[PDB]
**Student:** 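The following block contains the structure, expressed as structure tokens.
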Amino acid sequence: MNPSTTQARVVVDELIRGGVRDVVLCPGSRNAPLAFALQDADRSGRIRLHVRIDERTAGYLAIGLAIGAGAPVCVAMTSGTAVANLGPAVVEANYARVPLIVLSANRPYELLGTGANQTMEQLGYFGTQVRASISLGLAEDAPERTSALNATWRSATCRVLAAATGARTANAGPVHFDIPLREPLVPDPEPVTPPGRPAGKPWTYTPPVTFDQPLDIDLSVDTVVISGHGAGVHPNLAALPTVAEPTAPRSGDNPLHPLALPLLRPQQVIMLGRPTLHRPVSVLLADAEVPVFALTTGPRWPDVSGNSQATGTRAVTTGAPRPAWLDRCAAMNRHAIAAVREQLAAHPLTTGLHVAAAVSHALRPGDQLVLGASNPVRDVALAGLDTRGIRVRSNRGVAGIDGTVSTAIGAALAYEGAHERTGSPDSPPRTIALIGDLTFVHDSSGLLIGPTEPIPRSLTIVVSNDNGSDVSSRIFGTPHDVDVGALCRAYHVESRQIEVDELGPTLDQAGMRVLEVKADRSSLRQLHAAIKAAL
Amino acid sequence: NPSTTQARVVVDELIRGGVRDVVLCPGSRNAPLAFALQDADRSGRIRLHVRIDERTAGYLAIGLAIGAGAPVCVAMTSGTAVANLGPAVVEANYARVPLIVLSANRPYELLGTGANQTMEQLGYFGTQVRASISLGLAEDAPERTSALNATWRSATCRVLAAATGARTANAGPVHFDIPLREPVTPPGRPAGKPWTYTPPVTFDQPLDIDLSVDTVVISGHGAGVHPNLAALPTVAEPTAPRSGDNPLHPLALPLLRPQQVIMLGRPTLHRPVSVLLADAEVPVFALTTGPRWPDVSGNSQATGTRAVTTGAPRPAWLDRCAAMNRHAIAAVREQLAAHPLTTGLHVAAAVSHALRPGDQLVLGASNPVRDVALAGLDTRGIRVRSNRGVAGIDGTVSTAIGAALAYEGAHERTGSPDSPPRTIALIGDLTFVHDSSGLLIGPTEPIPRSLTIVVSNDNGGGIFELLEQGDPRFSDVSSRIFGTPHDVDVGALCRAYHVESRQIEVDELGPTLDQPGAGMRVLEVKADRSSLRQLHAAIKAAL
Amino acid sequence: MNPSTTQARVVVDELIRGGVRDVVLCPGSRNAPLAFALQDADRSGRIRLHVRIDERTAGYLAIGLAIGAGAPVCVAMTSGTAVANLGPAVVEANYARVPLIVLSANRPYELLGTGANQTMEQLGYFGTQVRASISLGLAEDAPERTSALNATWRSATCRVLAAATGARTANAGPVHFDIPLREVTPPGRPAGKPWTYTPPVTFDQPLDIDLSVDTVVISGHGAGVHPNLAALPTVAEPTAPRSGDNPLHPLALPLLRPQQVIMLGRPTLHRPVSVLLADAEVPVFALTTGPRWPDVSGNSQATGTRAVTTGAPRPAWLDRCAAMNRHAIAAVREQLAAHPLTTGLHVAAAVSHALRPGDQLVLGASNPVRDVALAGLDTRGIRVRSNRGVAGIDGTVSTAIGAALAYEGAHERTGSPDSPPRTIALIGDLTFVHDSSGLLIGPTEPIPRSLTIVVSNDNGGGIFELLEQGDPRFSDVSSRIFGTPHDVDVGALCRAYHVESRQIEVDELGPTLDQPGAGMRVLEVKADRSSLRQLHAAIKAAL
Ligand SMILES: Cc1ncc(C[n+]2csc(CCOP(=O)(O)OP(=O)(O)O)c2C)c(N)n1
Ligand SMILES: Cc1ncc(C[n+]2csc(CCOP(=O)(O)OP(=O)(O)O)c2C)c(N)n1
Ligand SMILES: C=C(O[C@H]1C=CC=C(C(=O)O)[C@@H]1O)C(=O)O
Ligand SMILES: [Mg+2]
Ligand SMILES: [Mg+2]
Ligand SMILES: [Mg+2]
């Protein structure tokens with residue numbers, strides 16, 4: 001067995017032992033050793049392989065596969081700009097703390113600077129965006145060194161997995177795993193792979209760390225909880241008035257609408273996760289006089305407030321909220337919900353806010369909701385969606401528009417896969433995505449799934465199409481006019497154009513499909529004005 | 001505002017430096033130099049191109065630079081901009097493309113405490129750019145305006161010189177930061193001159209070479225023109241300029257025993273070229289411009305910039321090379337005619353026969369750039385572009401679009417309204433799907449008048465049929481992981497972007513190309529890769 | 001007041017609230033970041049400032065000040081050579097996890113990248129070595145935003161401190177903190193509290209371990225204290241804290257067959273240790289704090305932070321280890337007694353016997369740190385320091401000086417009358433010559449009160465006598481390129497710098513150390529390395 005084939009099979013086996021259930025693969029020749037070993041593992045049923053053509057959107061597919069079920073996910077590609085194309089997903093995975101392993105094949109490092117084809121400064125390309133930049137050695141033809149090389153290869157693979165899942169740091173994120181490879185790149189004619197640990201165990205076992213930092217907080221002070229992306233679950237704060245972003249997990253049943261917050265005067269703030277969504281949240285955390293307490297699941301804590309008194313992972317609570325304060329916040333929340341609902345009905349034309357409210361009402365527990373990181377996530381929060389029992393995904397790391405379609409497809413695939421391991425047909429759970437037309441058009445090639453590749457069993461993408469100071473904004477002066485139906489036809493995906501009233505019934509009833517709901521953009525500044533005035 | 005004055009000085013000096021096109025993307029904050037660029041665009045001193053896709057924007061800028069050889073600016077204005085521009089910047093480094101990346105830091109804001117909307121840095125700027133220059137923050141000091149104007153225009157000329165290789169002969173990408181505090185132009189030199197003028201430079205490294213020794217010339221990407229080598233048998237890549245009129249077909253090379261090799265530029269094509277270059281019994285002389293020389297095996301005897309020649313090739317050696325060249329040409333022509341199914345090689349031959357002088361030819365990676373060489377294209381009189389720096393299949397649509405725009409722009413300024421010269425791109429289907437978003441161009445934005453993109457579509461990566469993983473013993477496992485079939489409806493995709501497109505057979509390709517159409521159009525030719533490996537085998541057996 | 005002046009004190013006040021007691025500065029072309037605010041706090045006794053001319057020794061002085069009492073230390077860059085000269089100290093701070101804050105001041109109103117930079121001339125190591133890189137904004141003249149700026153500045157300074165001390169990461173290390181400049185101090189928290197408080201954190205990773213299996217504990221740099229492991233036979237490096245009472249000598253390890261290993265922290269010494277850790281039939285469990293784990297061989301079975309033990313070591317196993325422990329120690333001492341020439345090993349044992357609880361011991365690399373382990377030093381009650389992060393022989397003099405000052409300062413604020421506790425440094429002769437400039441301390445500058453530097457001078461590098469290049473077959477060539485004799489007059493060297501020094505024999509050492517002297521003194525013991533390979537051979541024969 002030639003060295004490239006031996007090394008690739010060892011790495012793939014150790015990744016599987018580490019909990020990697022899904023791998024994204026992009027075509028090339030230099031990554032052939034990885035592609036062969038990955039195809040074997042898929043044939044054996046040890047992993048599910050997903051082949052894609054465009055490395056950039058393939059990275060967001062891997063992000064979706066990771067956030068859908070919480071497992072580390074590898075994306076593998078050839079040397080050169082294929083690696084550079086993972087840049088956007090790596091940045092998103094860094095700030096959203098997604099265990100994304102970039103498994104890049106490379107020419108031998110000795111060829112760097114020789115003019116060799118398709119070769120570049122690959123290792124270190126991602127800078128400080130990755131949790132680690134790790135290189136295997138070039139595989140030596142040293143059969144007597146086989147046992148030693150098996151240990152070092154599997155150990156390096158375990159270092160990669162630990163860094164990506166945050167097993168020791170509690171700060172999951174992307175990892176660059178560069179593997180220099182040389183000829184022969186394809187397996188030899190048959191006419192054994194060095195084995196891992198017994199019982200399928202990982203070569204170096206590192207259990208998931210428990211990161212703990214308790215913090216004293218007195219709940220008698222009029223307190224509001226603001227929870228953002230990556231927030232933990234705190235039972236002892238469940239009673240408090242909580243402004244929760246759609247991707248934050250709910251700890252209780254005392255919601256406070258984001259619009260209600262600037263109309264109240266909290267005397268202290270408990271901040272969970274990384275809240276970046278709302279402008280009244282940004283405004284209040286900008287107020288240097290309001291003391292803030294930051295509770296995070298990991299060592300990072302957000303910089304959105306300059307008055308963070310302390311950090312922790314959990315609250316040690318004394319006291320209890322004033323009943324008058326609870327009554328006041330509850331009243332203002334009811335008031336904000338009513339204002340939004342009244343103005344929506346009093347608005348004749350369909351807006352993206354209407355589409356978002358319709359999608360919000362159509363959801364039922366067990367659904368997974370994937371939200372475009374710009375308008376959809378804001379609109380759903382404006383419509384006051386109740387996320388309890390719903391799994392809400394959104395690329396809130398840097399909130400780019402790249403890869404939103406691929407992230408939805410990947411999250412559905414991973415979510416449906418976690419259902420299969422339960423044991424049951426009761427049918428696979430629903431994944432519903434809400435994406436704007438510009439985001440959808442930009443990542444429409446994320447729809448492309450080859451005839452041989454896994455297709456989501458129950459994914460519906462709702463496209464809210466409203467047809468779209470510096471000079472670059474002239475691009476928005478005109479509706480783009482892109483035919484969404486033609487786009488879906490191009491990538492052989494079923495699509496239907498429907499009205500908002502039809503959306504709920506149609507979501508009740510194709511595999512993967514796109515439902516396009518036309519909406520109007522002109523009348524919205526007035527609609528938001530009406531909502532604000534009705535508060 | 002001092003920052004508005006500084007921005008106007010910089011744009012003016014960039015225009016004096018030959019910048020004709022700037023690429024922008026809508027962003028989290030305003031673009032660097034945003035208003036000065038808008039002022040210049042309205043005046044017609046410069047031309048702005050706006051895109052939503054930041055990755056395709058980078059490759060658009062590369063095309064705008066290689067189309068006519070001018071420095072091009074791209075202004076990065078978002079938290080994903082550095083990540084998305086990576087591919088184009090790397091290609092600009094390795095293909096030596098004068099690409100100026102504009103940024104606008106905010107010295108009054110914090111850095112390193114969290115996500116940065118203005119710039120999220122990766123690690124490639126340290127390795128890829130020729131220079132990283134930051135202007136000062138512009139201060140209000142009316143009494144120092146002459147000194148500041150001199151400082152700003154001097155630094156701008158440094159950015160331009162580093163990007164174009166004015167003094168280094170090593171063009172490449174440059175990072176140019178004009179910082180901002182958020183939230184009559186001092187003149188330049190008389191007669192539109194650049195503030196700091198860089199007159200022509202020569203790097204001279206002559207090498208003594210005896211041409212009576214049986215010699216072949218291999219000319220790759222970035223090769224120079226050597227009149228004293230014009231008589232030699234020459235295996236020229238499509239992007240190499242031709243010194244002479246003695247072509248040697250790539251497939252004829254293994255049928256020969258060269259005694260020495262002159263290597264011009266950077267070779268990226270053909271395993272027989274790589275084998276010959278590594279042969280320790282064959283002296284190799286590398287003639288290239290710039291700091292580094294290509295030598296994968298380490299076998300090269302000497303490197304320089306030009307040859308001082310004695311002797312001449314033996315007529316028998318020239319006859320032998322001409323005879324094997326004839327065999328190779330005949331084998332390709334005869335086996336293509338004998339082959340029933342249309343392949344990408346068929347499409348490449350059709351494109352080659354249809355070109356004429358003045359055409360610009362843009363070649364995608366994979367089989368197209370190789371197939372054009374196998375079809376024996378005569379590149380004299382035409383300009384051939386291809387992103388051979390890293391040979392990516394990403395961004396080729398915007399590269400072709402940018403190349404057409406810059407090429408048409410240079411022609412309009414000559415002043416003869418003969419119709420704009422043609423740009424014809426030949427790319428594979430995977431290459432097309434990779435960069436299909438480059439077809440999305442707003443009516444506000446410049447659009448080519450004479451660009452035709454030929455997509456040879458064999459529903460996958462045909463080159464992998466020709467490699468070791470294309471051997472029949474991998475036939476059960478190779479379709480998914482190397483073939484990567486996709487079943488995309490190309491006509492529908494072009495419909496969605498409102499781009500004229502036709503699906504035609506290889507015989508109609510020539511006539512359809514002879515007759516113009518919309519400013520941009522996509523001609524799709526269905527092709528087969530199932531017979532590809534056999535076809536190349538039949539060609540080799542006919543040599 | 002100038003906004004920069006306000007910002008500078010806000011930062012210095014928050015640094016002092018963060019436990020910074022010492023700051024190291026060097027004279028540069030530009031004055032130091034926060035220079036006046038540091039001057040103010042020095043005069044008021046809020047911090048102690050240390051000035052050095054040598055920028056390299058200044059960085060290692062800062063490391064000593066940090067490891068002496070565990071406090072974060074700031075070092076202010078001021079020149080065009082500071083980055084390069086601080087490199088070695090930053091790399092050691094990274095690998096030894098030392099909280100070192102590197103202060104810089106970029107000037108955003110000036111140009112960058114056109115050449116010519118006088119306050120930070122960058123290298124490539126900052127990206128790889130630091131825990132964070134933070135830049136305050138430029139101070140902006142907006143008195144209506146005074147309270148908001150105060151919060152932003154104190155919040156960012158706490159980020160810097162938390163990253164340096166590992167307050168939330170348990171991964172202390174160096175941090176780059178830039179306060180940019182341009183050519184009634186707002187209050188912090190009440191009661192001297194830091195602006196952002198970080199309560200204690202725990203990283204918990206329990207591993208099930210069966211102590212009935214024959215287990216040896218090996219503890220290296222950065223090892224934790226594990227009570228449930230105190231009974232096990234333990235080979236503890238000198239800088240490792242002892243969890244218990246059952247020592248196992250390093251030389252006994254080859255005479256034993258552990259069936260599993262518990263590794264604490266990072267082992268760097270002893271080939272038998274490395275051999276055992278790499279044994280594929282021996283399960284290895286790594287218990288260490290922080291993001292990474294040591295495993296050169298890739299052999300380790302599991303990593304974590306603590307053990308969940310079942311069972312107890314077999315009495316037969318315990319007795320065998322105790323037996324070979326006693327045997328190993330006896331062999332070292334008998335062979336040292338039999339040996340007729342003073343070697344570094346003799347000096348190590350002498351210093352070892354002279355130590356008493358409350359002492360601080362600073363060990364150079366090479367033979368000193370190893371010899372002390374071979375002399376069986378019982379480190380309980382002793383603070384042992386050594387630059388094991390990357391194990392350079394550079395900067396050890398200033399590390400000891402800084403560690404002494406921090407240790408004496410910590411003792412002083414207990415307020416006690418009691419002689420400031422002792423710091424005893426044991427370093428080789430090359431190590432001493434390497435960092436001899438660390439002796440040069442201005443009368444203005446803080447100077448230790450209880451520091452004795454013992455130099456075991458064998459006129460070269462003794463450790464090479466014990467390696468493969470020490471084999472007699474290399475005798476003709478090995479002295480020049482490995483021994484590197486220098487013939488320096490060490491007494492004249494200390495006299496040039498006005499430092500007390502005595503050249504004494506090894507019998508005098510214990511008595512001389514027992515007796516107090518000048519604040520800083522050097523005792524030099526001449527040693528022989530010609531017989532060192534033989535002596536080590538004699539010790540192993542006695543096993
Ligand atoms: C960004 C990038 N990803 C992957 C590759 C590897 N690669 C080289 S050729 C090729 C096949 C391209 O297929 P197509 O464009 O259809 O051309 P064909 O060979 O089929 O004519 C691939 C995936 C690359 N060069 N660049
Ligand atoms: C800066 C640096 N240079 C070189 C080395 C390599 N090195 C390791 S031990 C050693 C010899 C040290 O000699 P000495 O300080 O006299 O101690 P001895 O072993 O002689 O007791 C050298 C040069 C190093 N560790 N650091
Ligand atoms: C041209 C060859 O492979 C190239 C073409 C496609 C994919 C490649 C890759 O991804 O490594 C190779 O660069 C060859 O080996 O002859
Ligand atoms: Mg829209
Ligand atoms: Mg193809
Ligand atoms: Mg010595």
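Residue numbers begin at 1 in each chain, while the letters A, B, ... track the order of the sequences. Atom set for the values below is all heavy atoms of this structure, side chains included, hydrogens, waters and symmetry mates excluded.
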**Student:** Report the C-alpha distance between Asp295(C) and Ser300(C) in whole Å, list the side-chain angles of each, state the deciding distance to 0.1 Å, and finish with yes or no for side-chain hydrogen bond (donor to acceptor under 3.5 Å, both in side chains).
**Tutor:** CA-CA 6 Å; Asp295(C) 189 3; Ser300(C) 44; 2.3 Å; yes
**Student:** Evaluate the criterion side chain to side chain contact (heavy atoms under 4.5 Å, CB included) for residue pair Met271(A) and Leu295(A); output intermediate values, then yes/no.
**Tutor:** CA-CA 6 Å; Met271(A) 181 173 55; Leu295(A) 305 179; over 6 Å; no
**Student:** Does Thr313(A) form a side-chain hydrogen bond (donor to acceptor under 3.5 Å, both in side chains) with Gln213(A)? I'd like the steps, not just the answer.
**Tutor:** CA-CA 5 Å; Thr313(A) 65; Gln213(A) 186 190 29; 5.9 Å; no
**Student:** Against chain C, label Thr296(A) side chain, backbone, both or neither, depending on which of its atoms sit under 4.5 Å from a heavy atom there.
**Tutor:** both
**Student:** Check each atom of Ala310(A) against the heavy atoms of chain C and say whether the ones under 4.5 Å are side chain, backbone, both or neither.
**Tutor:** both
**Student:** Set out, in order, the CA-CA distance, both residues' side-chain angles and the distance that settles salt bridge (charged side-chain N to carboxylate O under 4.0 Å, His left out) for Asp13(A) and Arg154(A), then state yes or no.
**Tutor:** CA-CA 9 Å; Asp13(A) 180 67; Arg154(A) 291 181 182 275; 2.9 Å; yes
**Student:** Can you tell which of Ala286(C), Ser155(C), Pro199(C), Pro291(C) has the highest number of heavy-atom pairs within less than 4.5 Å of chain A?
**Tutor:** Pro199(C)
**Student:** Measure distances from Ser147(C) to the heavy atoms of chain A and classify the residue's part below 4.5 Å as side chain, backbone, both or neither.
**Tutor:** both
**Student:** What do the steps show when you test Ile226(A) against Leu285(A) for side chain to side chain contact (heavy atoms under 4.5 Å, CB included), and what is the final call?
**Tutor:** CA-CA 10 Å; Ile226(A) 302 163; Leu285(A) 309 162; 4.1 Å; yes
**Student:** Could you tell me which of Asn171(C), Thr152(C), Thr198(C) has the largest number of non-hydrogen atom pairs under 4.5 Å with chain A?
**Tutor:** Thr198(C)
**Student:** With only heavy atoms counted, which part of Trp153(A) is less than 4.5 Å from chain C, the side chain, the backbone, both or neither?
**Tutor:** neither
**Student:** At a 4.5 Å cut-off on heavy atoms, which part of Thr311(A) comes close to chain C: side chain, backbone, both, or neither?
**Tutor:** both
**Student:** Hey, what's the ring geometry for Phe126(C) with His176(C), parallel, tilted or perpendicular (30° and 60° as the breaks)?
**Tutor:** parallel
**Student:** Quick one: which of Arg168(A), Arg159(A), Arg131(A) has the most heavy-atom pairs under 4.5 Å with chain C, could you say?
**Tutor:** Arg168(A)
**Student:** Less than 4.5 Å apart, side chain to side chain, heavy atoms only: is that true for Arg17(A) and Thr157(A)?
**Tutor:** no
**Student:** What part of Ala162(A) gets within 4.5 angstrom of chain C, counting heavy atoms only: side chain, backbone, both, or neither?
**Tutor:** side chain
**Student:** Considering only heavy atoms, which portion of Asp287(A) lies under 4.5 Å from any heavy atom of chain C: side chain, backbone, both, or neither?
**Tutor:** neither
**Student:** Would you say the side chain of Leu161(A) lies within less than 4.5 Å of the side chain of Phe177(A), judging by non-hydrogen atoms?
**Tutor:** no
**Student:** Using heavy-atom distances under 4.5 Å, tell me whether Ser133(C) contacts chain A through its side chain, its backbone, both, or neither.
**Tutor:** neither
